[PDB]
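For the numbers below, each heavy atom of this structure counts, side chains included, while hydrogens, waters and symmetry mates do not. Chain A is the first sequence line, chain B the second, and so forth, proteins listed ahead of strands; every chain is numbered from 1. Just follow the structure's listing: the first ligand is 1, and inside any ligand the first atom is 1.
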Amino acid sequence: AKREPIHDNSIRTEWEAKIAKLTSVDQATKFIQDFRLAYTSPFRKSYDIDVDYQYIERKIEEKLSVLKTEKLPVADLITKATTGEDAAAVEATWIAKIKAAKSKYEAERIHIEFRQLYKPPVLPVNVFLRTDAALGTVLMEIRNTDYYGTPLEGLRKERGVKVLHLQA
Amino acid sequence: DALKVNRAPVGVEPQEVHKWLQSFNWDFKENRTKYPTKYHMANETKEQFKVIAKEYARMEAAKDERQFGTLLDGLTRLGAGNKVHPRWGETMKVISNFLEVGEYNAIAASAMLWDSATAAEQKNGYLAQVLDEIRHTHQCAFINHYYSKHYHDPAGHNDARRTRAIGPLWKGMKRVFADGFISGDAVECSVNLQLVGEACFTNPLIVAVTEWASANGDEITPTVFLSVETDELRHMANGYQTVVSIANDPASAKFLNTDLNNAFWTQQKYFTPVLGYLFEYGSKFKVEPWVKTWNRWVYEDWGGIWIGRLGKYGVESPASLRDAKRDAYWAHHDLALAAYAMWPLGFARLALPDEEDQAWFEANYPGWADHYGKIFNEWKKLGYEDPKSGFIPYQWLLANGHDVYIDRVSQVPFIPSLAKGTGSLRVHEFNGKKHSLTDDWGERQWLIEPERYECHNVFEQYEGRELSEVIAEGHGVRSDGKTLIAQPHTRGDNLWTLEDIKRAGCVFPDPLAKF
Amino acid sequence: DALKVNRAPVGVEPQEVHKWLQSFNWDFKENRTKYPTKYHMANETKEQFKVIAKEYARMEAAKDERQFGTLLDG
Amino acid sequence: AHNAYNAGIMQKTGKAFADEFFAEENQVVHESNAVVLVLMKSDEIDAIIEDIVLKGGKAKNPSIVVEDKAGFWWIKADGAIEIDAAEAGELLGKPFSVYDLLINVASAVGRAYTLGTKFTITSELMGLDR
Amino acid sequence: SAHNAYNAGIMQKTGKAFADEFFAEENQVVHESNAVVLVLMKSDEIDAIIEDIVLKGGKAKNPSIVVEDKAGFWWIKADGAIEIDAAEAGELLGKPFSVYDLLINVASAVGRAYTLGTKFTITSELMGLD
Amino acid sequence: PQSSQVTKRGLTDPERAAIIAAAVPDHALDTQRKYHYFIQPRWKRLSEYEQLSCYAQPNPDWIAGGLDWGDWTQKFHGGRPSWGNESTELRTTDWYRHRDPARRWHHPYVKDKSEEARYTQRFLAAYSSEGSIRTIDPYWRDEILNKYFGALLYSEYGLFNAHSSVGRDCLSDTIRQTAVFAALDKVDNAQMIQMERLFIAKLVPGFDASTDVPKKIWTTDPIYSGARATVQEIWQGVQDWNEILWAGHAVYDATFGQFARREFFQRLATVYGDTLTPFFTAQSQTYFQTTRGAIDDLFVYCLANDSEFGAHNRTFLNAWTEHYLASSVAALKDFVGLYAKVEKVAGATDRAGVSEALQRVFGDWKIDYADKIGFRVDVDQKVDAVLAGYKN
Amino acid sequence: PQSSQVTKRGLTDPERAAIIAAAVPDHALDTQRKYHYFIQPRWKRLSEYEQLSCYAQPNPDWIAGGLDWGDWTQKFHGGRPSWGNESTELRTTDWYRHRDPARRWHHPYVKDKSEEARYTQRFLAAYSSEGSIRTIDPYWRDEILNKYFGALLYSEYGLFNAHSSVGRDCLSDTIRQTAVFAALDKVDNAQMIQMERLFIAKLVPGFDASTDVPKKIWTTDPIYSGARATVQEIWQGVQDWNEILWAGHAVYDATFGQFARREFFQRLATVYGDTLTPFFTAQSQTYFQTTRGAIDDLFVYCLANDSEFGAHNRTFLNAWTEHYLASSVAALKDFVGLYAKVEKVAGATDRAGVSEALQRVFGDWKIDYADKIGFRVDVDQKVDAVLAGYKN
Ligand SMILES: [Fe+3]
Ligand SMILES: [Fe+3]
């Protein structure tokens, strides 16, 4: 393959054109959640815009955030997610989710997906950061239990990698 | 009353307000750290230096006046800025600006230690540390700012905050003393930033290096860097207090050895090869073998005075130590292969080892001559230094099956077919993406924590692109817009231009395409 | 008044004080030198550098810090 | 002699160094009762080196080693190193608090603290020992 | 301009040739000169001032300016006057720089020296006589 | 002798200096000697402050203004970036735009504070020798100053600690410097109040400089109830680092803080014969204006007028201002209860005097902050809301 | 190129550095590295202050304490020596004994004053921005402070110029330094008063910072009549340099000066709502205490207790004190007429308040100076002599 220039390229320009056409909070919210599920984190659906997705995410955030201030009552900016859910309820739901996880593999996907779905501007910043720290506490603790307990070969099976090469 | 008063001259010493600092905090439900941590033990400790804000300022300002006197007055009147050997003046572009980002990240990590501290005296200490880390950012910047004004090659001293982004050695620097501090457990910074970073690696990185500077004619860097490290003694004193609290409570101590080995490996993975390469290959006059410097500061003194003494209290010698000692002996020579081979992507001018250098390398690392020595001498024969040669060694590596891989975790380059340092290539596919890991310690980190380690590497960003275009786009040119900042020699003539790079036709591959 | 005031940030530069120094002397019969001189002509001149005590200290201290840094440190 | 910068393995070169460097016994850390203190060279520090650490200091601790490392003094000693800013102020003839002594005190491998006008770097693990 | 060189005129001669002119009848009284001489103590700030002010705009306005390297200082001689604006210097240095800060490193001044606002000048004029 | 080599200096050793001189070219290899020449200057010429500070933060292009690229090398468990846009509601085209108008990098900052540090101790040694404390009103000294100025140190200390997460989270170098210097200045204020108390204790037998009574007053006295609730919220209730800096310095400290420090303790010191307290409030009020200069630049020049996100940012700043101004008006309503404890001085402690002090604080604040972000405020309404807490 | 040689530095030039290294001996030629090791230290160990200052004056053995010999090389027309014993009535075994307890050589002196210089401008820039002048009593500001504090600058200026002959005539190095540092501190006081007036002029339209009214008051107002008569006498009426210093600092300034600066302008500023003046008096009073430390050492430790000439010196110091204390109580009697123009404040400006202010000044002075030279003084009597000028 041949990558285009880093900071100015057809992929970024094409996505800015898609972004420009968002005109409501609900529409930009489904847009950003779908984008984040498709293109970010190790469980993304596609790596096809890998060197551009981070910039493109920022531009969606910018579109959603301005749509928020133009269109939503102030109380909504403080207390609701742009999904319409109550922000505190979202916090409680996902802290409970991660605390009920039975393994680091369960807990890691709960954290990663929380950020895919509710990363600002979806959820208000203060609620998100508090929630994100609470989840990271749990994921850190379970991961750092018996960190060296599983041999590499077992860790690779558990992660589900396809081992392409192991140097002799 | 209105007439009678004790009129003895009195003030108030810093010690006298300092004993009241512990009472400045007050209890409320929300009074706890905002950052995720595994460490929730009691940490009500006393700081070992009785520093208040006024005294902090008096202390540091007195340091600065002496330092800037020496720089702006004395050494300038001596013209010392151009009395540096070119290899070393080029090395300080990298060392001072790279360290600058370590210092800058240390501000943020020390703010995390400030935030996660519970005792007002430790919040007091970490505030001063946060200020110190700002001081050191501006000190590292001042070194390059001064070199920009007085040294024969300002290019790259004068713009590294954008030109570092071109090359692959800078990626791993954003982890070693940077992301690896601030992106994780906040009270664990007492272990990675302080007990490993400050207590172990600043001593060679910041102090030992001043002897190499001096040997090579640079009296700028001793003036600044030694002052920098005077602040470090207060920093580790803060971290030790927390380490004690962790050691003492059994539920926190069960994390400490794993955090310590992870931090030791994370920092040494980059520090060991990169600093050894800069010391030995970025100097004319050598103080001592890098591996002895490492042995003295890292393994014997830090290892025995900090870790070995803490062994009495359940702290274990890092399991990764053996792998690290192999790195200390060879990994910087391995890295030199990549550094010299990929010289157009940097912002400094390099110098192949001369006949004197090579004898020194072979005397001190027997086997150097028959491995690294013969490679460097073939590159020179092929025109490595000559801009008309059309020769860049990266293409030469590939044509002889010596692929370069980027470690997904540490960003440190790896050439398995030529490495003598620690490493073996592991290539995994996960969810449609290929990943190359290079040692047992980082591979575990990626296998357990893939969402922490998604760093794009130079090959993924530059895939299919020609070398001169990447360099031009990243502003890797002198003021004429065409002559490279980076050079494969340290002479004043026959400097390479973007056209000279273009003729070699170097295009970035996908190193994992073969898997 | 007690509510309205110009709150623009201002200080007082040395030459602002210096312009009034000439006015600090005052006339009295015994206001003349104590030392023997041949030179009794009028000598009401202006100094060419507008230095007051605070500024004097600031400039010289500045010189000193650089000098002693070079000596004691470098 | 054991506190010298080039003590032990540091004397060896070439293969001999590599053999001891990679010996099995040397793949774990060895507890050390030493402290290491680095003093930034300066007018005041050089006086402190000559008239304090190398006299009263070495007299109380005969194991101290001071080495000239160009821009700084490298000091290693068994147990502890102590420097009294009050004593240093008497040598220098000028105001000199413990904070002023710290102007030129850099690396400290060991537990550093101040007590009044004295600066100490110690092998003791306060809060764990004693 | 060669006549403002430090080694100008008689200063080029050596041995008996120098003695012959030095002791010449006409050289036993002073000769009025329209020159000024200014000494700048070498420093980071002054060296920036020399290269980018007195040797650029300075010599543009006054072509007679001669600057000589005297190791620890710059020797400047010119016809008429030498001028240095502290504000132009502070713009060059990017840090606060009044005429009093400029004077930190302005030493010998053979001529009538004075400040006028942000500007330092040394002139051949006899202020108050001319 | 010594075990290791006495390294020869290349600057002075003849053999190494000769080798170096032969290696150094007789000509410069570039003419661009301006350190980070590409920084866009805020003022007519690039400043050293900017050269040493700007772009030290290694932000990528996906954090606005970054010149780097790619993801971070290591992120938090879960995926939180080392720095990221999630850290604040406010947006901008370039997080690097901020410039402290005092142009403080570290060195000028400690230089200025060192002057204050040394001169304070010389002033105290001479003030004690002067015996000038003999004319201070003893009731003011003992019942108001010692107790309620002491209690005010906890408001300064709380605002200081509010900056801990700002120093970690904020998104550019010049912002991080502005934040940390502001935090040290706040904890300095707290230490200076305690210094004055410890100093009076040396001059006045029976005067107790212990923080026990100040702490009891801060934590339980109704006079500080609203203030403590606001400080706790700004420090520990939120993590949006822009909200912390704005609520902390631009609303709470510019209204409650300015009233307590300047209208009450500094002003009333000069009607109760207190020749000491003005020396300490001179420092806190100087620090307030220096901090205000930088806070104003970040929120007014940069964020409230950012070409693309100005109105967007004013929406949030308007919401925060509404909330924390209510909180600060409540803190002042509680605080004016302290006037029922002071000896009456016409034009100072009566209703007209307190009314004018609130008109200065709220009037000043309307000019300095509210008018610049488009926040409408009825000054008289806010004054009257506070005067409801005033006991005639 | 250039006409003259580009001289090679011996420190860095390889050829010259090798020549120097070969010429420098491998061992020190003496072990005594203490600069002027033979000075007798006043304190436990020789100070840098003493090493840099002591025996700079090249006195011969016929000026007590001198280490040189022989006559001066050139004397005045007539035969007046360059320095001589005729310059003062006081005698001593060693003119070098004096030690400023602040140990000020030139550098620490300008270092400290530089700190004050830079911090003053930051304080003013913040005070103007703070708007704190809004609560000053306007009558005090315009009719008392501007006019009579301004007028006091001429007392400070007169005392500064009193030192001109002292700096030429006095007989040792450490004495010359305290004299000159004291002189700069006095003209600083005068310039700072004018600085404060110029500063208020920028904040208060109609406020006139010209020295015309202050000068007219100093020269003709009966309130300063006694004071001006005294400084004129001390400045221009005498040339005994010890009489100038003793009368200037130890009598006149310690009584009239301390009353006007500290009891009147500084103290009353803090009953009339003046938040500006205390910042300036804080400097003059700091300078007073620093100067007093060195003056006290010269006249008490060195001269009043000189092992051979102590009582002889007290005879003159007693005669001078009697005369200049009479001059100063007369100056104070004139000056307390100013209280008839101020707004009445109980305990401050009433008869009881002024009486306690005079008891502090005369009581403090009896302890600080009179008791140390054996000068008898009834404090109550002097208070009453001044209160005769107070209008009830
Ligand atoms: Fe640091
Ligand atoms: Fe540090």
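Here F:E50 does not pair with F:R103 in a salt bridge; the nearest charged N to carboxylate O distance is not below 4.0 Å. Taking a cutoff of 4.0 Å between a charged side-chain nitrogen and a carboxylate oxygen, F:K113 and F:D185 qualify as a salt bridge. Remark: D:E124 does not engage D:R111 in a salt bridge, criterion side-chain N to carboxylate O under 4.0 Å.
For residue B:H235, no N/O/S atom approaches the Fe ion (ligand 1) to within less than 2.8 Å. Among the backbone and side-chain atoms of B:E198, no N/O/S atom is found under 2.8 Å from the Fe ion (ligand 1). Taking 2.8 Å as the criterion, B:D231 does not count as a coordinating residue of the Fe ion (ligand 2), since none of its N, O or S atoms falls below it.
If you look at B:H136 and ask which of its N, O or S atoms sits nearest the Fe ion (ligand 1), the answer is ND1. Taking the N/O/S atoms of B:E103 in turn, the shortest distance to the Fe ion (ligand 1) belongs to OE1.
With the Fe ion (ligand 2) as the vertex, OE2 (B:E133) and OE2 (B:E232) define an angle of 170°, rounded to 10°.
Ring-plane geometry between F:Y55 and F:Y96 is classed as tilted, the angle between the planes lying from 30 to 60 degrees on a 0 to 90 degree scale.
In plain terms, the two heavy atoms of F:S53 and F:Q177 that are nearest each other are OG-NE2, 3.0 Å.
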